[PDB]
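Let's start with one chain on its own, the form deposited in one PDB entry, as structure tokens.
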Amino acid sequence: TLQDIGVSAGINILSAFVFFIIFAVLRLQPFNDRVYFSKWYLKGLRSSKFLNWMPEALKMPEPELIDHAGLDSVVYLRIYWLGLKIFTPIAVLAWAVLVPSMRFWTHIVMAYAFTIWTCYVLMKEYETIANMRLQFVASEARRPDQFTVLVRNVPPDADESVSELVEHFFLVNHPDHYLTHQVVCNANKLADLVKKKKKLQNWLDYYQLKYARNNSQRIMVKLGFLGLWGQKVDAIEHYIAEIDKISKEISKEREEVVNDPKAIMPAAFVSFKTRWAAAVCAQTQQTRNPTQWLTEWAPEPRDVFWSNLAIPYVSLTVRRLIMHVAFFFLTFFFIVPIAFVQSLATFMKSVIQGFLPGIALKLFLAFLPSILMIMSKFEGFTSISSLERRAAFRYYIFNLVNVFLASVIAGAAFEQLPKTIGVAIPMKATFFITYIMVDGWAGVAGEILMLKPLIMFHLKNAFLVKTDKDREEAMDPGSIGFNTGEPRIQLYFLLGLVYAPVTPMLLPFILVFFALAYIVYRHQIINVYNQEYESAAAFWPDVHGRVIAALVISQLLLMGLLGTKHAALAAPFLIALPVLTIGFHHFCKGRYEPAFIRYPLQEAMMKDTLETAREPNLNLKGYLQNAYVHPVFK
């Protein structure tokens, strides 16, 4: 209804307005400058009208922002821009021809206009990102991953050690390119002990400062809620004792793990003299057995997810299969909160009952990224980049099944107290309009406040911080959040494509979101979010694939929606849409995807040549040998 949309918009507009007022005040307080301007502190550049921040955010043209923030950050930001490029002319046309027999054909023709425009834009965007990636990589600084290949599933041998097997194999098969190597160690027990020691120290800092202020009897009952019914009488000496005990265990574990042959995993990081050689090893079959001596480009050391290297290669299939089943149950049992939200989705009081399903769904999905990342870690991936791309994939599917599809179906089930989809989809546009205004418009405006790190920063200063420059530990803005950023905008791309020929009035909400998100994330990318790992936009092929899937879904749903007309006869027309769209995808896959999945030998050779000419005396071996050992071992 217009009244519910009007009120929901008024609420979300004012909410966003208020968030921007609060933001304007908070960002001018020097005590939280390290929260709002975390980058520039991390980059060594800084030390010590409420919306003016919007036009300032638009300064720093791409080339500068790429060097400042990184390629992934810029490419991610361009997705919001992609959204505006795809849907602005769609929205204009849909309004122009659907908003004041032929209506039937008009819808079919529009499906062709929308698909073609979308494909055209995706093609050009794909080409552009591929070019940005190739230029970025060619101009990128030296890193050990450019010369290093991770070797998995080294076969066992009764006499030779993993190190001996790796060195021998590569000296023989990759002669005069093989430089050095580092064998993977199962240091997980040690790493876990070290993390616990750090947590114990935080308690020591908490209680020592709390005590110093309040010089009385310590009474912590271990958990308080359901802990050990004791007192932790000193609580400081208690944690000192726990630390002393773990410290001894850690020293023992270090001596054992580095002299324990069973800590050696049949894997190693192999380094080559040239990038050309690494490019060859990473792209070629090494032996007869396709599931032995497996090679791939090593993640950069800050991207290597060390825990996953202790998983025997051969059990990875099983872990993956178990997680596929778990994923099914994750989506399966989420129907309960969906049904709840759709039940809720049914004058200033009734319009709130209308409004709230937006929030309720946002809240139920709040911890989904955590679940998806955890299950993604169980499946072994060995890198942060890979883990985030997989979590984003699973989330996208979840949103398709549970946020879009199930909401429409459950909605219809409540409305009803054949092709019922014919009315279920257009009626639910009202729900989606409100939903977008809640996790979209209001969502993004709220995110600029950065309340979580704001609070954490201050609490750490109040209770754990001891001296100067440990403020560096208190300050951590996190990364861009590809895991939630992607899946959210992809839902909107789907909704846009699904409803553009159905309900044109959904699109202005989607467009405002993309515009707002662009300016807010553009702002945050410049000032906060130091990036955890640098992929050279290797996720783009997945972004592309998800939009193509959205096109196919919309094209198919339209067959359903227009499949009620007697003698519709749209079948020989509309079927061409998913066929042509897939053809387009395969074309683009073959033409642009290699930019992202294969490193051409010519680029490797030019890079190696120039690097050598510029730095003729590079001790590459010294540089690479101490990389990829383990964060635990210094």
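Start at 1 with the first residue shown and count on from there. The term rigid core refers to the maximal set of C-alpha atoms that superpose within 1.5 Å between the two forms.
Just so you know, the form deposited in another entry exists too; it's not on screen, but the next bit is about it.
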Exercise. Given a rigid core superposition of the two forms, which one of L84, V221, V401, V121 has its CA shift by 2 angstroms or more between the shown form and the other one?
Worked result: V221
Exercise. With the core lined up, does the C-alpha of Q231 move 2 Å or more between the shown form and the other one?
Worked result: yes
Exercise. Is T564 among the residues whose Cα moves by 2 Å or more between the shown form and the other one after superposition of the rigid core?
Worked result: yes
